[PDB]
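Q:
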Amino acid sequence: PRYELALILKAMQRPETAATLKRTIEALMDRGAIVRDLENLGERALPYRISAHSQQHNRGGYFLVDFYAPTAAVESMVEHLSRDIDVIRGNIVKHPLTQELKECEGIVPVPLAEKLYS
Amino acid sequence: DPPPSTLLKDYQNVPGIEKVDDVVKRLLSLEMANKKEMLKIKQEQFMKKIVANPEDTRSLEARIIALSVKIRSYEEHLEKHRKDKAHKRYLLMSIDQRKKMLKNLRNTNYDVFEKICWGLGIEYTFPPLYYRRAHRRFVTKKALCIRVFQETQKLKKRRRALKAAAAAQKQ
Amino acid sequence: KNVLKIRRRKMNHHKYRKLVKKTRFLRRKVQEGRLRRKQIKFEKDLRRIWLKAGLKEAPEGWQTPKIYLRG
RNA sequence: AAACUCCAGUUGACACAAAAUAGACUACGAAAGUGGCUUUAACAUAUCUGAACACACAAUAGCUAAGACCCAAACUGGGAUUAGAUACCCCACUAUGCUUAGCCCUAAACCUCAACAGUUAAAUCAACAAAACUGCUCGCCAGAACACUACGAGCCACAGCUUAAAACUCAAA
Ligand SMILES: NC(=O)c1ccc[n+]([C@@H]2O[C@H](COP(=O)([O-])OP(=O)(O)OC[C@H]3O[C@@H](n4cnc5c(N)ncnc54)[C@H](O)[C@@H]3O)[C@@H](O)[C@H]2O)c1
Ligand SMILES: [K+]
Ligand SMILES: [K+]
Ligand SMILES: [K+]
Ligand SMILES: [Mg+2]
Ligand SMILES: [Mg+2]
Ligand SMILES: [Mg+2]
Ligand SMILES: [Mg+2]
Ligand SMILES: [Mg+2]
Ligand SMILES: [Mg+2]
Ligand SMILES: [Mg+2]
Ligand SMILES: [Mg+2]
Ligand SMILES: [Mg+2]
Ligand SMILES: [Mg+2]
Ligand SMILES: [Mg+2]
Ligand SMILES: [Mg+2]
Ligand SMILES: [Mg+2]
Ligand SMILES: [Mg+2]
Ligand SMILES: [Mg+2]
Ligand SMILES: [Mg+2]
Ligand SMILES: [Mg+2]
Ligand SMILES: [Mg+2]
Numbered sequence: 002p003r004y005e006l007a008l009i010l011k012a013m014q015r016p017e018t019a020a021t022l023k024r025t026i027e028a029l030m031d032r033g034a035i036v037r038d039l040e041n042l043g044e045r046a047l048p049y050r051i052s053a054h055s056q057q058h059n060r061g062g063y064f065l066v067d068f069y070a071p072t073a074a075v076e077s078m079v080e081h082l083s084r085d086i087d088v089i090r091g092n093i094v095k096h097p098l099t100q101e102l103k104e105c106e107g108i109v110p111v112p113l114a115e116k117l118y119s
Numbered sequence: 066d067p068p069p070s071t072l073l074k075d076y077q078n079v080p081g082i083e084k085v086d087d088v089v090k091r092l093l094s095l096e097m098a099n100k101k102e103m104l105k106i107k108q109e110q111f112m113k114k115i116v117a118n119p120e121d122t123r124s125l126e127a128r129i130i131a132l133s134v135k136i137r138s139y140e141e142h143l144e145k146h147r148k149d150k151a152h153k154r155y156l157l158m159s160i161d162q163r164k165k166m167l168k169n170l171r172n173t174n175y176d177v178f179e180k181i182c183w184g185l186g187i188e189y190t191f192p193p194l195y196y197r198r199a200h201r202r203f204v205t206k207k208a209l210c211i212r213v214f215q216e217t218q219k220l221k222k223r224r225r226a227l228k229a230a231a232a233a234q235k236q
Numbered sequence: 128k129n130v131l132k133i134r135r136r137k138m139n140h141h142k143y144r145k146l147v148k149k150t151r152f153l154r155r156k157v158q159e160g161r162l163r164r165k166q167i168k169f170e171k172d173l174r175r176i177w178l179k180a181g182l183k184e185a186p187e188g189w190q191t192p193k194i195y196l197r198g
């Protein structure tokens with residue numbers, strides 16, 4: 002299915018950041034993934050301090066990887082990200098653009114009698 | 066299971082699907098889909114192999130095939146999740162619902178009942194006549210009563226030869 | 128509502144648990160003896176079967192198991 | 001008071017424990033239950049009804065074995081109150097609550113409302129609860145107490161569970 006990898010990388014110089022992204026995208030391809038896009042969300046201060054691989058981090062590079070992969074690739078990829086020392090935090094979610102939003106007419110009231118009795 | 070390269074049931078009959086890039090074929094195959102998509106291909110395979118009209122999904126045959134695919138999925142689930150009582154319940158309920166369908170198909174269309182059993186690999190079994198605990202006292206006694214019968218039968222045959230032998234001597 | 132029916136059952140169960148506690152060693156000796164007789168009564172039922180069928184001894188290789196022991 | 005004083009405060013490092021707010025929501029699941037995040041699998045049945053015992057489940061407590069252990073905590077020890085002992089209060093700590101693999105099979109397991117289908121016109125209807133009913137099916141009931149008992153039987157249960165009487169007694173319950 003289509004997945005979205007939310008990737009927070011250690012704050013590094015441009016050469017090491019490109020090497021980490023290439024090494025991360027190749028890991029996806031080695032597991033059968035078809036990588037669709039790579040987005041840079043920018044380097045920013047983390048919302049809180051994160052300890053990863055015997056180091057403390059206060060800033061990180063936020064990246065997204067939109068890709069398709071077999072369902073069995075997720076478990077294997079999650080294991081790969083846990084061992085990469087340049088990855089602060091990596092999470093794989095089902096791509097939000099796959100879920101189609103259902104139309105909403107509006108807010109129908111709920112009767113007070115139902116509130117109490119229910 | 067169908068090969069992973071198999072296309073999804075929705076994209077198998079679109080014109081020109083055989084000339085698209087290999088990447089596009091992977092994205093429309095079972096490899097890139099959830100297991101529920103592989104089960105739709107299995108159901109369609111059984112429907113064309115067994116039923117006379119593969120597009121009649123409301124016939125008793127199609128329901129047995131659809132439910133048989135679900136039963137196999139639960140068995141595969143429980144092979145990996147052996148303490149999942151919720152899915153163990155769904156399996157046992159699904160097996161019972163299929164038996165009720167097979168009973169009604171056997172009673173109405175035996176020729177189709179036979180093709181369903183051959184096609185799906187189902188060995189129809191008639192239910193036991195009585196439901197009662199076979200406890201230790203009964204299990205032991207029933208075993209003894211069968212041994213006693215077996216021994217009595219042997220003795221009754223050794224009382225046929227001796228009588229036969231003595232009768233011949235008189236002559 | 129009132130709980131008077133519950134209270135009667137509460138006291139009955141309390142006194143029963145209290146009686147069982149006081150006599151749990153006598154009750155254990157009684158239960159053991161009953162199980163012995165139960166095993167003997169079972170053994171007789173099986174012996175009756177082969178004897179009424181014309182056999183003089185138990186079927187060859189048959190040993191009546193102990194189906195009432197904790198083991 | 002005892003206890004602690006490798007105590008307390010700040011800062012940093014740091015979980016096999018538990019999951020603020022959302023939730024004024026009333027969803028999911030057969031029920032039991034389920035409210036941190038992600039992913040995978042996944043929520044029976046195109047007529048209904050259908051079991052103390054068949055089949056599969058079943059909070060809390062508890063058993064067996066091996067682990068974890070922050071905090072909580074039967075029990076136990078100490079301090080205190082007390083005429084004094086136990087409890088209520090304080091401190092410490094254990095079984096246990098957790099994980100794993102087996103059991104045990106209970107609850108005020110209760111919306112105290114059996115499942116399905118139908119009706120809102122008749123009389124609206126003992127009372128209260130929760131407006132009053134019809135069809136159909138299964139389960140169950142027939143004064144109180146004896147009695148969640150005795151005996152028998154079955155059960156991995158052994159101070160256990162399930163099923164479940166009678167005698168004596170009363171004119172009530
Ligand atoms: N006992 C059977 O094996 C059996 C077989 C066919 C039909 N039934 C039907 O089951 C109902 C219950 O009969 P009962 O009152 O004599 O039994 P019961 O309820 O007194 O139970 C006695 C025995 O019958 C079994 N039993 C109970 N309910 C059953 C059911 N619905 N179906 C099958 N077995 C059941 C129990 O497990 C036990 O072994 C009746 O409608 C009967 O016609 C029972
Ligand atoms: K929370
Ligand atoms: K809340
Ligand atoms: K209640
Ligand atoms: Mg009493
Ligand atoms: Mg002091
Ligand atoms: Mg039914
Ligand atoms: Mg019955
Ligand atoms: Mg039932
Ligand atoms: Mg019960
Ligand atoms: Mg339980
Ligand atoms: Mg436990
Ligand atoms: Mg503590
Ligand atoms: Mg402990
Ligand atoms: Mg936990
Ligand atoms: Mg409850
Ligand atoms: Mg019912
Ligand atoms: Mg009135
Ligand atoms: Mg009575
Ligand atoms: Mg009880
Ligand atoms: Mg009892
Ligand atoms: Mg008994």
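Residue numbers (PDB author numbering), protein chains in the order written: chain E, 2 to 119; chain L, 66 to 236; chain 3, 128 to 198. We put the CB at the ideal spot given by N, CA and C, even for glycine.
Using the C-alpha atoms, what's the distance from residue 38 (chain E) back to residue 72 (chain E)?
A: Those two C-alpha atoms are separated by around 19 Å.
Q: Please indicate yes or no: does the CB of residue 144 (chain 3) lie closer than 7 Å to some heavy atom of ligand 5?
A: Because no heavy atom of ligand 5 lies under 7 Å away, the Cβ of residue 144 (chain 3) does not count as near it: no.
Q: Which residues, in order along the segment 84-114 of chain L, keep a beta-carbon less than 8 Å from a beta-carbon of chain E?
A: 88, 91, 92, 96, 97, 98, 99 and 100
Q: Threshold first: 4 residues or longer. Then list the alpha helix (DSSP H) segments lying entirely within the segment 191-236 of chain L, N to C.
A: 201-235
Q: Which bits of chain 3 does residue 206 (chain L) rub up against, with CB to CB less than 9 Å?
A: Going along chain 3 in sequence order, the residues near residue 206 (chain L) (Cβ under 9 Å) are 169, 172, 173 and 176.
Q: From residue 215 (chain L) to residue 145 (chain 3), what distance separates their C-alpha atoms?
A: 53 Å
Q: Do the segment 20-29 of chain E and the segment 99-111 of chain E meet, that is, are 3 or more Cβ pairs less than 8 Å apart?
A: no
Q: For chain L, check one thing: does any of its Cβ atoms lie closer than 8 Å to the Cβ of residue 181 (chain 3)?
A: Output row for residue 181 (chain 3): interface = yes.
Q: Whole angstroms is fine: what's the gap from residue 17 (chain E)'s alpha carbon to residue 103 (chain L)'s?
A: 41 Å
Q: Suppose you measure from the CA of residue 150 (chain 3) to the CA of residue 201 (chain L); what does that come to, to the nearest Å?
A: Between residue 150 (chain 3) and residue 201 (chain L), the C-alpha separation is close to 30 Å.
Q: With DSSP as the reference, label residue 81 (chain L) as helix, strand or coil.
A: coil
Q: Could you check what DSSP says for residue 46 (chain E) in three-state terms: helix, strand or coil?
A: strand
Q: Cα separation between residue 75 (chain E) and residue 61 (chain E)?
A: 23 Å
Q: Given 7 Å as the limit, tell me if residue 195 (chain L) has its C-beta closer than that to any heavy atom belonging to ligand 1.
A: yes
Q: Closer than 8 Å, CB to CB, is residue 179 (chain L) near chain 3 or not?
A: no
Q: Output needed for residue 142 (chain L): all residues of its chain with C-beta closer than 6 Å, excluding positions within five of it in sequence on either side, in chain order.
A: Within the same chain, and ignoring the five residues on either side of residue 142 (chain L) in sequence, the residues whose Cβ sits closer than 6 Å to its Cβ are 152.
Q: When DSSP builds the beta bridges, which residues end up paired with residue 27 (chain E)?
A: According to DSSP, residue 27 (chain E) bridges with nothing at all.
Q: Using a Cβ cut-off of 8 Å, pull out every chain L residue sitting near residue 194 (chain 3), in sequence order please.
A: Ordered by position in chain L, the residues that pass the 8 Å Cβ test against residue 194 (chain 3) are 201, 202 and 205.
Q: Run down chain 3 in chain order and give the residues with a C-beta less than 7 Å from the C-beta of residue 209 (chain L).
A: What residue 209 (chain L) touches in chain 3: 173, 176 and 189.
Q: Restricting to runs no shorter than 3 residues, where is the beta strand (DSSP E) found entirely within the segment 29-104 of chain E?
A: 35-52, 57-69 and 88-95
Q: Would you kindly work out how many angstroms separate the C-alpha atoms of residue 181 (chain L) and residue 115 (chain L), rounded to a whole number?
A: 6 Å
Q: Under 7 Å between beta-carbons, which chain L residues line up against residue 71 (chain E)? List them in chain order, please.
A: Residues of chain L passing the Cβ test: 96 and 97.
Q: Since I believe residue 209 (chain L) is in contact with residue 176 (chain 3) (beta carbons under 8 Å), could you give me their beta-carbon distance rounded to a whole number of angstroms?
A: 6 Å
Q: Along the chain, where does the beta strand (DSSP E) containing residue 9 (chain E) start, and where does it finish?
A: 3-11
Q: Which of the three DSSP states is assigned to residue 72 (chain L) in this structure?
A: strand
Q: Alpha carbon to alpha carbon, what distance is there between residue 195 (chain L) and residue 164 (chain 3)?
A: 30 Å
Q: Can the beta-carbon of residue 61 (chain L) be found closer than 8 Å to that of residue 107 (chain L)?
A: No statement about residue 61 (chain L) is possible, as the shown extent of chain L runs from 66 to 236 and does not include it.
Q: Quick check on the burial criterion: 16 or more other C-beta atoms within 10 angstroms. Buried or exposed for residue 178 (chain L)?
A: buried
Q: Can you tell me which of the three DSSP states residue 159 (chain L) falls into?
A: Reduced to three states, the DSSP call for residue 159 (chain L) is helix.
Q: Report the option in 113 (chain E), 50 (chain E), 118 (chain E) and 33 (chain E) whose CA atom is closest to the CA atom of residue 89 (chain E).
A: 50 (chain E)
Q: When you compare the CB of residue 93 (chain E) with every CB in chain L, is at least one pair closer than 8 Å?
A: No, residue 93 (chain E) lies away from the interface with chain L (no Cβ there is under 8 Å from its Cβ).
Q: With a threshold of 8 Å between beta-carbons, can residue 2 (chain E) be considered close to chain L, or not?
A: So, interface residue.
Q: Within 10 angstroms of the Cβ of residue 227 (chain L), are there 16 or more other Cβ atoms? Answer buried if so, exposed if not.
A: So residue 227 (chain L) counts as exposed.
Q: Going along the chain, which residues of its own chain have a beta-carbon closer than 7 Å to the beta-carbon of residue 79 (chain E), five neighbours each way excluded?
A: 93
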